[PDB]
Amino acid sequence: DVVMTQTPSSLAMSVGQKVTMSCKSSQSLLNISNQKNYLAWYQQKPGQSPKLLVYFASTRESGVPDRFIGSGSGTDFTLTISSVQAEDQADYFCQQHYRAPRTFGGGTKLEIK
């Protein structure tokens, strides 16, 4: 029952602009032990499986561009896209990997004009 919440549910940005989307949980995701935040971010384009963008709240997955930056700790996290590109139009999900069941956020549908 850790409840994951993404905001906003959808938003329209323009190319080159900086994008910020939030993800919050009802319990801290910080493992008092290795001090790691168990939170992942995924990008999903139409008719495709989502892809991991960031894990442990801030570590970029191999192959993921530098314009994607995860941040935060505890219960409030963020995914920033420093300078959004047209191909960044997708759905973004966050998933908590702290406790089972590893719940997902509702998603943020990012429209790039």
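In case it trips you up, residue 1 is the first one in the sequence shown, and so on.
Stretches 27-35 and 53-61 differ in mean CA B factor, with 27-35 having the higher one.
Split the chain's modelled residues into thirds by C-alpha temperature factor. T20 is in the middle one.
Split the chain's modelled residues into thirds by C-alpha temperature factor. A86 is in the middle one. The deposited CA B-factor of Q48 belongs to the highest third of values across its chain. In the deposited entry, the Cα temperature factor of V3 places it in the middle third of its chain's modelled residues.
In this PDB entry, the Cα temperature factor of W41 sits in the bottom third of its chain's modelled residues, the lowest group.
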